[PDB]
Amino acid sequence: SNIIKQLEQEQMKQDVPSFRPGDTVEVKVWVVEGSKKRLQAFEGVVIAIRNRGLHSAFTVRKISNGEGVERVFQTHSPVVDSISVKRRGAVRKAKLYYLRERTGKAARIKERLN
Amino acid sequence: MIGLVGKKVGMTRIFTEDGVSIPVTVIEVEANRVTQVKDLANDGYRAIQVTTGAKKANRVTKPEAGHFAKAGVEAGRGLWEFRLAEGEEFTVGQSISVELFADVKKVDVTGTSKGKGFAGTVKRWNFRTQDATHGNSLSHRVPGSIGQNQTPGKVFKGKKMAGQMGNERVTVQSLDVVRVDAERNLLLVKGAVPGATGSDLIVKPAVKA
Amino acid sequence: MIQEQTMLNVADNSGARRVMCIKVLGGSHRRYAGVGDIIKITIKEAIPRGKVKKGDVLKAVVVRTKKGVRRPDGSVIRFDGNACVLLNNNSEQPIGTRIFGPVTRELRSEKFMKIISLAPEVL
Amino acid sequence: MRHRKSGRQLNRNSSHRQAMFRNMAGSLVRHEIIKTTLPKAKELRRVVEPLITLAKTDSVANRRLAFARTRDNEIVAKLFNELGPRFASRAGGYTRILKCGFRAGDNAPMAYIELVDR
Amino acid sequence: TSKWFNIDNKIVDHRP
Amino acid sequence: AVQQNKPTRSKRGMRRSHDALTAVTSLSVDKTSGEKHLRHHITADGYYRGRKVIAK
RNA sequence: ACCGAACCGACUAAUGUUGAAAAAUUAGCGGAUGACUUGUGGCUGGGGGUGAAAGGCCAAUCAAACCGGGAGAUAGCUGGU
RNA sequence: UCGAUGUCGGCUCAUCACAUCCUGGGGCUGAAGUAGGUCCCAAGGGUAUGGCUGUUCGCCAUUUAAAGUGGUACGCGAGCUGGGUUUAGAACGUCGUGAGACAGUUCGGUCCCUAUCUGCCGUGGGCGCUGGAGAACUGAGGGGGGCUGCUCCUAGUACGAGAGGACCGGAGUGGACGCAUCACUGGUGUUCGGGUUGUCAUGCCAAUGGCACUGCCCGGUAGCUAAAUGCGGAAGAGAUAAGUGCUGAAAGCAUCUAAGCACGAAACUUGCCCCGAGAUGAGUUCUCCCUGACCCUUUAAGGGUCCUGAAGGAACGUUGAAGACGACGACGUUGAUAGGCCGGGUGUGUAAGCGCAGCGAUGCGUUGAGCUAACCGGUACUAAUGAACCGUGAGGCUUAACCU
Ligand SMILES: N[C@@H](Cc1c[nH]c2ccccc12)C(=O)O
Ligand SMILES: [Mg+2]
Ligand SMILES: [Mg+2]
Ligand SMILES: [Mg+2]
Ligand SMILES: [Mg+2]
Ligand SMILES: [Mg+2]
Ligand SMILES: [Mg+2]
Ligand SMILES: [Mg+2]
Ligand SMILES: [Mg+2]
Ligand SMILES: [Mg+2]
Ligand SMILES: [Mg+2]
Ligand SMILES: [Mg+2]
Ligand SMILES: [Mg+2]
Ligand SMILES: [Mg+2]
Ligand SMILES: [Mg+2]
Ligand SMILES: [Mg+2]
Ligand SMILES: [Mg+2]
Ligand SMILES: [Mg+2]
Ligand SMILES: [Mg+2]
Ligand SMILES: [Mg+2]
Ligand SMILES: [Mg+2]
Ligand SMILES: [Mg+2]
Ligand SMILES: [Mg+2]
Ligand SMILES: [Mg+2]
Ligand SMILES: [Mg+2]
Ligand SMILES: [Mg+2]
Ligand SMILES: [Mg+2]
Ligand SMILES: [Mg+2]
Ligand SMILES: [Mg+2]
Ligand SMILES: [Mg+2]
Ligand SMILES: [Mg+2]
Ligand SMILES: [Mg+2]
Ligand SMILES: [Mg+2]
Ligand SMILES: [Mg+2]
Ligand SMILES: [Mg+2]
Ligand SMILES: [Mg+2]
Ligand SMILES: [Mg+2]
Ligand SMILES: [Mg+2]
Ligand SMILES: [Mg+2]
Ligand SMILES: [Mg+2]
Ligand SMILES: [Mg+2]
Ligand SMILES: [Mg+2]
Ligand SMILES: [Mg+2]
Ligand SMILES: [Mg+2]
Ligand SMILES: [Mg+2]
């Protein structure tokens, strides 16, 4: 309702970049080990985007040392420090869930040149 | 300590700066008007009665209107009672806000949990189903056996059977108070509270502690 | 969410390839073992010249699950396998000398500091 | 439990429901008053009224959208030629339900559903 | 005539 | 399963105690035609709230 | 000989069991040019027929059909009087 | 009991006893500590998964604080199964001359019932509660819940030659169980969007629709939900069991008991949550409503006529995170109750038409376009009609106290 939208709107971020599924993206997140706080980078293809305002999330997939890793980031969370898209991908779908079953040359994504 | 009557508005998250997201329930707790104060002399116990919100003037019946006019306050949507401890006293016609709950850490939230209708034994009592195959015939989600043979030759009281589930008064205890917001009339507690969205709740300071 | 009779890959170089979770230790009627949890395993495939043979029963720590871990801001880290690191029955320190693949910060305790030190990537 | 769900099942499967609401929308547009059972009249409101809005905004693509929902060129023509400009100043509520008793055969609540300017 | 559960043998010979 | 003893006319009446119909509380007069009708229903002639809604 | 419809059959499961049906329905299943299957007609008769044999089948009945007769068999048994 | 009381095992649901398996309290020890042995109190909760086998049992593997012993028609087939033992087929070994027979074995083999009554789980109607009614309560009583591991500090302290290693108290974090919820991660989402095979149709191209399990698939809103995430078990108090005592005689001593006094457990009564005045012992508080006339008689808690119809309710309609039906909640023009409409949000993924490139399938621009169910904020366009109906007219007798 109006109250919930007001609370969410005073919590949301103001500078999330516009990215679409298929994009290769670097997400720098905060990692706290011991007492030191630093930035760890996760680079991969956004395979899913769920837009719900404050509750918006996006699923990124990478291949890490021979293992496929999916991370679902909360877009407005303080731990997600920075999002930067490196490569625009050309897909015809909103959720790229076949990239799990595909591997290697088959998981290639064409570049979106406009 | 007495409580306040609010309404469940919905749930949200609160991101806090060490980056943890607290699931909060937002309870709109606007000003509750003390209507009647009861005492040991006249009624035999100590309580206050509060009302909240507003109700249609053509639908406030004459006894309710007379009661509210005797207190001298505008008609609300209901009447609730709160037992008083010994050190605390209130007067008739008096407004109470969330600034009372400004200094509490945990609350007890009471509301009418949602009605699931006539529910079965598997949904109601966590009964186990029987086999879906291996010959089983028309007995997949049935209750099973409900007794012993000739002794006692009866079904014992309180036997867990199917029936009405939900739509009933439920208390969730010891919920953290994430935020008290006086100017917007908001109480943000951590976690879920019983009932549907837009529904009446009674929030009291925690009794367990 | 690893239960009994579950086939897991070995994320170290002890000499096994597949193992089967046969018991979830640490509780009565316990059903599942998440990331960072001790299980009892038996070995179903082995490298011919490994440190362990087929048919050994020993312990393991679940370090990767397809169900994934949840992070306190609400995040979730999922993998494409179930992978464990073998441990002795008594010492409960790893047998192998190297760990393959990423592991998670949910193993960051003093019990598994060797695994965290030898892992290639800690997510 | 059907908390916050809409629509009536009407003792028919989904294809039968869609087919008869297409038929009833065609009949109601053709005749401008029809007598049907009361829940069928309420669901006929929910089917018919967006078709009159689509008729308010005239285009070739809107005509093609109405031919896909009514599958009838005569109904599409009468919509876009008459009920567009007739209701062009009215914001919703193009129909009216008047209860008229119970069927002799099976004791039903009948109701006339009619367009408002008839 | 007769009921099938009376003609049957597994339930009629229930207590031999 | 089936009864062991025959129920009586007393218990038959007690079960049928709740079977009684309820007549309509009151009919209506129309402000134009003057005909009694069910409330929120059009009349037999085709009037409703004083307007001829259906022809004939 | 092989795969597979018609056609013949009846291996498994659920439904039904005061059934839609005094033996079926649904989904799968076996044979399907042969020791095959089928229409019309004929023949074999009850201690008898016929039987690639189950005491199986002989008109919803079979360790001896059905119908009438000896017959109101007999009943140291049960019920009723 | 033979004019029938269905049998082992499994499943589902259990409930009771205590001769206690764990957790709780203590005495003795051939009890240094850790771990035990044995006995006494204690029934609040808890009290394995698999391999083999028809198995209960047992053995084995691996856990747990523990994997209790029994009753209940060796609980439970008008609740499921049908592996075993129990019909008809067939075979083996053995017995018999044979038909056949074996608590010997092996393969195959129809498990019915629409619930009248009691019981139990839910949910209503009537009347009562002494004028009628709307609310909020009090709490007699009744039920739910009651489990526990591990790590860390105290402390490598007490104890011990070493090895080892605490009681008491405190902090954190788990397993099983239970309630609530849908903000998150998910599942469903045959009512939304798209891809596509075959075929048919809309005169034909283009575009669409029907049918094939939703034709097959890919996503997915709201709702419902768990695997998701909040909370819980308590602390405290009273009276105690085993047990430990203080003072103290009977019995000049001694003695926990006879007089008197104090401790003492998850059992008991409360404390926590829910139902709860049909609690016929029907309770309390606050508010609202009704202040006419007349006639008969077996002259009393009597009947009848006219006038009057209140507070409230019911009915009717729009309906709901409420619901089998009743019921409960919101609203009825002085209106946001539902549908529609407007704007947004979400989901899908760049519509059709046209133009351009290509021989063409097709690609690009208009274009994150079109469409978008149950969602969010709004808006009287449609539907919730004036009425009519039920409910009355000051409410018994006796005895005390107050005013007068
Ligand atoms: N009960 C089944 C089989 C059956 C028919 N007649 C029987 C006689 C006896 C035993 C079983 C049956 C049926 O009705 O079709
Ligand atoms: Mg409901
Ligand atoms: Mg089960
Ligand atoms: Mg059956
Ligand atoms: Mg709705
Ligand atoms: Mg029907
Ligand atoms: Mg279809
Ligand atoms: Mg009898
Ligand atoms: Mg052949
Ligand atoms: Mg045959
Ligand atoms: Mg057969
Ligand atoms: Mg068949
Ligand atoms: Mg063959
Ligand atoms: Mg063949
Ligand atoms: Mg024989
Ligand atoms: Mg025959
Ligand atoms: Mg003979
Ligand atoms: Mg003779
Ligand atoms: Mg005779
Ligand atoms: Mg009998
Ligand atoms: Mg004892
Ligand atoms: Mg207790
Ligand atoms: Mg066993
Ligand atoms: Mg038994
Ligand atoms: Mg038993
Ligand atoms: Mg049995
Ligand atoms: Mg029984
Ligand atoms: Mg058998
Ligand atoms: Mg035999
Ligand atoms: Mg031989
Ligand atoms: Mg025998
Ligand atoms: Mg049965
Ligand atoms: Mg109880
Ligand atoms: Mg939601
Ligand atoms: Mg999803
Ligand atoms: Mg789907
Ligand atoms: Mg679709
Ligand atoms: Mg074409
Ligand atoms: Mg067709
Ligand atoms: Mg206590
Ligand atoms: Mg003395
Ligand atoms: Mg007890
Ligand atoms: Mg509206
Ligand atoms: Mg969008
Ligand atoms: Mg299209």
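Residues numbered from 1 in each chain as written, not as in the entry; some residues may be left out. Chains lettered and ligands numbered in written order. Part of a larger assembly, values for the part shown. Heavy atoms only, no water.

As recorded in the entry header, the structure was determined using cryo-EM to a resolution of 2.9 Å.

Looking at the PDB entry, one finds chain F named 50S ribosomal protein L32 and attributed to Escherichia coli. The record lists the entry's title as "Cryo-EM structure of 70S ribosome stalled with TnaC peptide".

As named in the PDB entry, chain B is 50S ribosomal protein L3, taken from Escherichia coli. Per UniProt, the comment on chain B under Function is "One of two assembly initiator proteins, it binds directly near the 3'-end of the 23S rRNA, where it nucleates assembly of the 50S subunit." As its UniProt record puts it under Sequence similarities, chain B is described as follows: "Belongs to the universal ribosomal protein uL3 family." (UniProt positions renumbered as here; feature names shortened; annotations may be inferred.)

*Asks:* Would you mind going over helix α4 (residues 73–86) of chain D with me for this structure?
*Replies:* An α-helical turn contains 3.6 residues, so a residue and the one three or four places further along point in the same direction. All names here are of chain D. Under the 1.5 Å per step criterion, the end-to-end length of α4 is 19 Å for 14 residues, consistent within 8% with the ideal 20 Å. At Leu 79, α4 shows its strongest bend, of approximately 35°. Listed as buried for α4 are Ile 75, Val 76, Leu 79, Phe 80, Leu 83 and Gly 84. Buried residues along α4 sit against α1 (14–31), α2 (38–56), α3 (60–70) and β3 (109–115). (Helix = DSSP H or I, 4+ residues; strand = E, 2+ residues; numbered from the N terminus. Expected span 1.5 Å × (residues − 1). Bend = angle between axes of the 7 residues up to and from the residue. Buried < 20%, exposed > 50% of the residue type's maximum accessible area, 1.4 Å probe, protein only. Contact = heavy atoms within 4.5 Å.)

*Asks:* Can you walk me through the nonpolar core in this structure?
*Replies:* Proteins that are soluble and globular tend to have nonpolar side chains buried together. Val 27, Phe 58 and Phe 73 of chain A together with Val 61 and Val 85 of chain C are the most contacted members of the largest nonpolar core, which has 34 residues in total. Leaving out residues up to four positions away in the same chain, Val 85 of chain C has contacts with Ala 11, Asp 12, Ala 60, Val 61, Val 63, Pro 94, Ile 99 and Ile 115 of chain C. In this structure, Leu 38, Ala 41, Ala 66 and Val 116 of chain D belong to the second largest nonpolar core, which totals 28 residues. (Core = buried A, V, L, I, M, F, W, Y, C linked by side-chain atoms within 4.5 Å.)

*Asks:* Explain the protein's contact with RNA strand G here, please?
*Replies:* Surrounding RNA strand G, one finds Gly 135, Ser 137 and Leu 138 of chain B together with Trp 4 of chain E. Taking the atoms of RNA strand G that fall within 4 Å of the protein, sugar and phosphate contribute 78% of them. The contact in question runs from a sugar or linking oxygen of RNA strand G to an N or O atom on the side chain of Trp 4 of chain E, over 2.5 Å. Split into classes, the residues belonging to the surface near RNA strand G amount to 2 nonpolar, 2 polar and no charged. (Near = heavy atom within 4 Å. Polar contact = N/O pair within 3.5 Å; in protein donor to acceptor, adjacent residues only side chain to side chain. Nonpolar A, V, L, I, M, F, W, Y, C, P; charged D, E, K, R; others polar.)

*Asks:* Explain the protein's contact with RNA strand H to me, please; I cannot follow it from the model alone.
*Replies:* RNA strand H sits among 167 residues. The nearest are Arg 20 and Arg 50 of chain A, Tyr 45 of chain B together with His 3 and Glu 49 of chain D. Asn 51 of chain A is positioned with one of its backbone polar atoms (N or O) 3.2 Å from a sugar or linking oxygen of RNA strand H. In the model, a phosphate oxygen of RNA strand H is placed 2.8 Å from a nitrogen or oxygen of the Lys 95 of chain A side chain. Tallying contributions element by element places strand β8 (residues 163–181) of chain B first for the surface near RNA strand H, with 8 residues. Partitioning the surface near RNA strand H into residue classes produces 45 nonpolar, 65 polar and 57 charged.

*Asks:* Even after reading the chapter, I still don't get the pattern of salt bridges, so can you show me in this structure?
*Replies:* Proximity of charged atoms lets side chains of opposite charge pair with each other. Counted under the stated rule, the structure contains 31 salt bridges over all chains. Between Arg 108 of chain C and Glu 33 of chain A there is a salt bridge; the shortest N-O distance is 3.7 Å. Separated into two different chains, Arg 108 of chain C in the loop between β8 (102–103) and α1 (113–118) and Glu 33 of chain A in strand β1 (residues 24–33) make up a pair that spans both. Of the residues examined, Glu 33 of chain A reaches a relative accessible area of 23% and is grouped as partly exposed. Among the salt bridges present, the one from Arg 86 of chain D reaches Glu 82 of chain D, with a minimum N-O distance of 3.9 Å. A residue pair is termed a helical-turn pair when its members lie 3 or 4 positions apart in one helix, as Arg 86 of chain D and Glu 82 of chain D do in helix α4 at 4 residues. Bridged by salt links that share partners, the residues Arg 61, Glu 70 and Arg 100 of chain A together with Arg 78 and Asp 80 of chain C form one connected network. (Salt bridge = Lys/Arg side-chain N within 4 Å of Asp/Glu carboxyl O.)

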